[PDB]
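Presented below, as structure tokens, is a lone chain in the form deposited in one PDB entry.
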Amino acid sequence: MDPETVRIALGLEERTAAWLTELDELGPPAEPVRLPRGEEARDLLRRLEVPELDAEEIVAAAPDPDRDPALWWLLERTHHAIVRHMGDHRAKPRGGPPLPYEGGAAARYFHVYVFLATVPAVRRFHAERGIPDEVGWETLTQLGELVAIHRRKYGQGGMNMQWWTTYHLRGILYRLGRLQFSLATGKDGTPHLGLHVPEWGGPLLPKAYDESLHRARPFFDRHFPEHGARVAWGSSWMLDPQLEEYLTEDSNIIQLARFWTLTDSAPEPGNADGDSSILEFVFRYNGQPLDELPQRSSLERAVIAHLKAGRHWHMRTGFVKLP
């Protein structure tokens, strides 16, 4: 098989040829790709908290080297492209393009198969770094969340956040209770930890937040002592001071943001970039006209109002010192 044949077979944009050539050069992994099957696949998916509806469909559609040779060629090389960067937070998060849905369920669940095929590799890395099993597993369960999110957002099974799953799969991101932390470095190479909030796990309670923060240094200093971060950095819609206009005092976002020191400049009022991000995280926004979107929470009402009024939301960046 060749990258042009693969590209055309799967119906990928000409845009992706460079990626495909790169993968082509890279070749198959030393350890040949293996997909768990049947009840082994069910157990793994269940452990990764993939909802049952999706897990059944994932197993049923599992591709095959002989019947799906283009898709299988990509599966091995995409797996290879991730594992070669195991432990390496300096490499860009390149998970590969999404596959056109005309390839059916195997195409839609492509990056789930990448994730399943890569679990053994990253779990070995976890073991080597002395990471507790429950931490490793808890970290990998975001696969379920992102699978469920695809369904809510689009109407059928899939997982199109493969750029993000490169972090879990390279063992450079760990969920430590309510928050996640990623190995990171600034433009000047100073190590920090990136701080992230997964959807699942309920509201962002001060006490859960605070516990996660207490876990970060001891965890990273024990298992990645070479890193030495003192500070956590976040970029998020939820760091927009403009939220103070709409959210009240019981809002966990309003209380927690107060600890943060913002480091980017106040954005231009007319800049529109942070719009799609807040829309994504609040509504899983999929192009629909704003009046259809639910209005059941103060935040839901807030983000519409603000946009209706011809105003814009921005992503802000800030830091907190790790306790």
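Don't overthink the numbering: it's just position in the shown sequence, from 1.
Quick note: we don't show the form solved in complex with a partner chain, though the next part is all about it.
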| query | finding |
| --- | --- |
| Segment that reaches the partner chain in the entry with it bound - one of 215-223, 156-164, 239-247, 105-113, heavy atoms within 4.5 Å | 156-164 |
| Heavy atom within 4.5 Å of the partner chain in the entry with it bound - the one residue of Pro93, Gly177, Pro97, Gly136 that qualifies | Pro93 |
| Residue among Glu56, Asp64, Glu280, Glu31 with a heavy atom within 4.5 Å of the partner chain in the entry with it bound | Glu280 |
| Interface membership of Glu40, the partner chain in the entry with it bound, 4.5 Å heavy atom rule | no |
| The partner chain contact in the entry with it bound: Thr263, any heavy atom under 4.5 Å | no |
| In the entry with it bound, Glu52 touching the partner chain (heavy atom, 4.5 Å) | no |
| Contact label in the entry with it bound: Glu268 to the partner chain, heavy atom within 4.5 Å | no |
